[PDB]
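Accompanying notes for the structure given below.
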Amino acid sequence: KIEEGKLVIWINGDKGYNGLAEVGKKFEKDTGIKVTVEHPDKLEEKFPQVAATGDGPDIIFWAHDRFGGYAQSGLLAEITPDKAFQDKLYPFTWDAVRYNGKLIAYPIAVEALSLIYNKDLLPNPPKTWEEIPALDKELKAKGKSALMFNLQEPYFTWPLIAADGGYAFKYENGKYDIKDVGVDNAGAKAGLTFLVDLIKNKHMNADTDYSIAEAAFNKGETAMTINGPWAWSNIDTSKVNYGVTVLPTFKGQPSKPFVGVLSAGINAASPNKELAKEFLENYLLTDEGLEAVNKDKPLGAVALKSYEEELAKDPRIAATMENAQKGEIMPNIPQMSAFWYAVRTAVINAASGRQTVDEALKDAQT
């Protein structure tokens with residue numbers, strides 16, 4: 001029921017979907033094949049319910065973690081890219097769209113949390129987390145705070161705790177091991193003890209979250225924060241002379257943020273394989289396609305190497321790609337959901353002190 005000789009794409013409206021229209025019309029003037037894009041709400045609700053019937057879009061731009069599950073569900077098509085085009089992109093982006101050894105989608109955008117700092121309050125950023133307590137002693141002498149971020153999510157805290165030995169699921173050869181949920185490790189212990197040392201001596205607060213953190217950083221009260229791309233423009237409302245860099249390393253092991261990769265999955269019911277593959281390889285994942293989509297809304301760190309060299313003049317993009325290449329790729333498995341139910345309670349037992357470090361982490365283990 002997916003139509004032939006014709007391409008329809010669904011893409012969320014927080015992106016440069018008009019840029020997707022622009023690359024569609026380049027494809028139309030060059031080859032004569034019409035490309036339509038549509039941007040309604042709830043597209044992640046909308047794709048699988050229609051793809052289980054065999055219809056809907058041909059291409060979908062979304063995060064990779066629900067793609068691997070839809071790689072199980074028979075809704076994403078097994079792509080066949082060449083090896084030279086696999087060299088054209090970064091392979092750590094290709095590890096985002098792996099499931100059962102098969103390759104399901106072309107990565108476009110890559111997301112990773114980076115350190116955002118006021119250049120005025122601190123002209124020289126530190127490279128160790130062990131430096132953060134001491135310098136905090138300086139900022140209380142100016143009525144300032146060192147670091148303030150969202151402690152209510154494991155998505156923020158996982159770079160530090162999992163830097164020196166923690167890892168969500170064991171992931172090798174494109175397969176996530178279900179029996180190998182790593183939180184009962186000495187590295188996770190060290191990271192959570194460093195968290196309780198930052199909270200016990202009152203360097204930060206435990207009831208803080210994202211709103212107070214970002215609002216105080218826009219005022220310039222807290223000097224350091226950790227954030228992805230989505231708040232960058234918000235800091236550009238503050239007009240604070242700020243910079244973006246990599247997160248500090250900890251005990252030599254660098255931080256490990258969640259790498260969120262926006263990829264374009266081809267529907268598995270599609271008889272339009274080669275057309276969409278041509279549109280993705282020769283038009284999308286090239287310099288001019290990512291340029292045309294970034295003129296409306298950027299993609300931060302992208303997967304294509306040459307376009308990463310074009311965008312690496314922006315230091316935010318360089319910080320994003322280095323945190324992405326040293327980070328942990330997001331799991332494509334549904335047990336991750338229980339992860340977001342388990343380990344979150346761990347920090348609710350940690351920063352609140354209802355349990356200790358080991359008690360909270362082994363409660364999140366099972």
Open item on the list: Quick query: amide H of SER114 versus all other amide H atoms, modeled in the peptide plane; which residues come in under 5 Å with a sequence gap of 5 or more or a different chain?
Closed with: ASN227, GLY228
- [ ] Considering only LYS295, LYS305, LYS273, give the residue with the highest GNM mean-square fluctuation for the chain, with springs between Cα atoms whenever their separation is below 10 Å.
- [x] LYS295
Task: Cα-projected label distance for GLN253 with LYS140, points at 7 Å along beta-carbon direction, nm - done: 2.9
Open item on the list: Let me make sure I get this right: for region 202-312, a, b and c are the square roots of the gyration tensor eigenvalues over alpha carbons, sorted descending. Under 1.5 in a/c it's rounded, otherwise prolate if a/b > b/c, else oblate. Which is it?
Closed with: prolate
Task: Mean residue ellipticity (222 nm) of the chain, computed from DSSP H runs ≥ 4 via -39,500 (n - 2.57), nearest 500 - done: -11500 deg cm²/dmol
- [ ] Report the relative contact order of the chain, percent, no decimals, based on alpha-carbon pairs under 8 angstrom and at least 6 residues apart.
- [x] 29
- [ ] Can you put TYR341, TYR307 in order of Cβ neighbours within 10 angstrom, beginning with the fewest?
- [x] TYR341, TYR307
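How big is the Rg/Rh ratio for region 39-114, C-alpha atoms only, Rh by Kirkwood, two decimals? Mind showing how you got there, number by number?
On the way: Rg = 13.1 Å, Rh = 13.4 Å.
Radius of gyration over Kirkwood radius for region 39-114 works out to 0.98.
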TODO: Within 10 Å, count the other beta carbons around each residue, average over each peptide in 179-188, 142-151, and list them highest first.
DONE: 142-151, 179-188
Open item on the list: Counting each pair of different Cα atoms once, what's the Kirkwood radius of the chain in Å, rounded to one decimal?
Closed with: 21.7
Task: Cα radius of gyration and Dmax for region 302-366 (Å) - done: 17.8, 50
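Report Rg(Cα)/(2.2 N^0.38 Å) for region 104-214, keeping two decimals.
Numbers: Rg = 16.8 Å, N = 111, 2.2 N^0.38 = 13.2 Å.
Normalised Cα radius of gyration, region 104-214: 1.27.
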Open item on the list: Under the √(5λ) rule applied to the eigenvalues of the Cα gyration tensor, what semi-axes describe the equivalent ellipsoid of region 36-193? Give them in Å, descending.
Closed with: 39, 20, 16
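Based on the mean of other Cβ atoms within 10 Å per residue, sort peptides 117-126, 73-82 so the most packed one is first. Walk me through the numbers before you get to the answer.
Values: 117-126: 15.1, 73-82: 17.2.
Ranking, from highest mean packing down: 73-82, 117-126.
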Task: region 60-204 - percent relative contact order, Cα under 8 Å, separation 6 or more - done: 18
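The numbers here are math on the coordinates, done by the rules we state, and not lab data. A quick note on method: Cβ atoms are made from the backbone with ideal geometry, for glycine too, and the neighbour counts reach across all protein chains shown.
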